[PDB]
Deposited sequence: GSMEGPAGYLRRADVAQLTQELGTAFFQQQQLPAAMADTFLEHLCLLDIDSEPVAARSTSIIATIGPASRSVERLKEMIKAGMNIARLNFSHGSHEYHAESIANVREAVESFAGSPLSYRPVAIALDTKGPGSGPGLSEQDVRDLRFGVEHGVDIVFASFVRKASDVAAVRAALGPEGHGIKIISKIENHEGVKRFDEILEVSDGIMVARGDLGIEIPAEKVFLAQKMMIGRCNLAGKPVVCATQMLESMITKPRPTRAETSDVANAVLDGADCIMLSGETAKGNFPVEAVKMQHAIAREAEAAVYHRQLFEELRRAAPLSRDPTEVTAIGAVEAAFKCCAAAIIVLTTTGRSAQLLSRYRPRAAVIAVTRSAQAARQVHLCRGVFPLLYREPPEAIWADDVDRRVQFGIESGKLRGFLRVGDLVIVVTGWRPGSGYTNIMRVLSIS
């Protein structure tokens, strides 16, 4: 009460009733559950990304525009089906639908393109090598590598991407007992992980999949690397317009577990309700994110994270701590590769991480990190570097004010570096919105 009394007088009682704030202020996890309220509405923008598998039900440019508006952040192309010609047309339709909103920063919404490989079916397959080369040639952002069983499998995928695919992210799919057992070595060499529950549920007893999902999500959260929860999340929506009680619960629990992304497979690739499936995941993720017990989560991420002498890492924890202290509406970060936004995201701030970048690939790939909202800055550089920096911060403060994220009177945390180029983030500023 006294630790929120002056902020309650300032922001009002109605502010503290929304986005499960009474449940977030609880002293125990049990009290946190007791304080969850169906009448407490989510205010924050949805932070868990939705990956939609693109197929016959979601191929058209008009349908893809509907899915972008519904919340799709990553388009998945399953190379276990179709052909190179089929997937190239899908890629072109996604890019056409994405560029139909390029007229403004207030309307632009980047969509990453992910290639899900067919898999080994011994080691790296010959069609996997051909498909990975297709991905490099078509400019894919992410590879969902099927049946990764050891660290050498991810090294083989990296080698097959060649020197031109150095920027592509490799998300290793854990689909069998070997992948689960060798998880630490796979995560160490991967950019992220996908909990591929379809095959995992056949390879290990179905009643043990939840243990593997929660363990992998927890370790990925500890490592600060993206983790995707996949397969049968809203399965019944392939034929029905509404999901089952188990399905909405599953989506909410994947977000509560700590998943950075949630996925739709047949629900969007072949189902009768692809847009509705995206809308449903969007709705559940917004509710589940507000119900996250940040008080224990942030304390545990701080206690578990080792000490660091990397200024980006040090600035990120100071910025997230500052954002929680004032209930900052957003954390605006300037990033080239997306790394500074990723280091902010690993501490799970409630404040939106608005990442301003000049890299179109980084803007698409940061969708893998929960709570990161990418803004592609296209303006030519200013003669004075410090003015160019300030212009990019103001671009985020304007796009944020104008897209609801921010309001006059709000506090924002601004994360920048001391010199140009990747790797120099070391400054945190507290700014009041006017």
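**Message:** In sequence order, which parts of the deposited sequence are missing C-alpha coordinates?
**Reply:** Unobserved in coordinates, per deposited numbering: 1-11, 133-134.
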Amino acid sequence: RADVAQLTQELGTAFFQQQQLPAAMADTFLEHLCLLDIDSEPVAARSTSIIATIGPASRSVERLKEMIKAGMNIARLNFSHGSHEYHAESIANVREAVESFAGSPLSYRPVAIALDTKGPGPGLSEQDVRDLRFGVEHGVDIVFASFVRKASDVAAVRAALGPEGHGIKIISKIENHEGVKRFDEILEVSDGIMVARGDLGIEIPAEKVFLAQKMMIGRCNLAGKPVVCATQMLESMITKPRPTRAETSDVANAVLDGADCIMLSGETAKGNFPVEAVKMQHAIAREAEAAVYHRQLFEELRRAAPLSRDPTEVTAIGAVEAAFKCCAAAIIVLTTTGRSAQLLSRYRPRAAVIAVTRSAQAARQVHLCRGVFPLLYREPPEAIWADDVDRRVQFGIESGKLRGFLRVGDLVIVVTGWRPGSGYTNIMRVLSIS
From here on, numbers count along this sequence of modelled residues.
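So that the term is clear: the rigid core is the largest set of C-alpha atoms that superpose within 1.5 Å between two forms.
**Item:** Greater Cα displacement in 8 other deposited structures of this protein once the core is superposed, comparing 102-110 with 284-292
**Value:** Once the core is superposed, the stretch further away in 8 other deposited structures of this protein is 102-110.
**Message:** Per the record, averaged over C-alpha atoms, which has the higher B-factor: 286-294 or 72-80?
**Reply:** Stretch with the greater average CA B-factor: 72-80.
**Request:** Using the B-factors recorded in the PDB entry, average over the C-alpha atoms of 226-234 and of 165-173, then report which stretch comes out higher.
**Result:** The entry gives the higher C-alpha B-factor average to 165-173.
**Asked** Which of these has the highest Cα B-factor in the record: 325, 214, 95, 240?
**Response** Highest CA B-factor of the listed options: 95.
**Request:** Just grab whichever of 258, 103, 201, 338 has the top CA B-factor as deposited.
**Result:** The record points to 103.
**Asked** Where does residue 133 sit by CA temperature factor within its chain: lowest, middle or highest third?
**Response** Tercile = highest for this residue's CA B-factor.
**Record-listed C-alpha B factor of residue 181: chain third** = Ranked within chain, residue 181 CA B lands in the middle tercile.
**Request:** Compare the C-alpha B factor of residue 406 with those of the other modelled residues in its chain, then answer lowest, middle or highest third.
**Result:** Its C-alpha B-factor, which the entry lists for residue 406, ranks in the highest third among residues of this chain.
**Prompt:** In terms of the chain's CA B-factor thirds, is residue 248 lowest, middle or highest?
**Reply:** It belongs to the lowest third of the chain when residues are ordered by C-alpha B-factor.
**Request:** Taking the values exactly as deposited, rank residue 89 by C-alpha B-factor within its chain and report the matching third: lowest, middle or highest.
**Result:** Ranked within chain, residue 89 CA B lands in the highest tercile.
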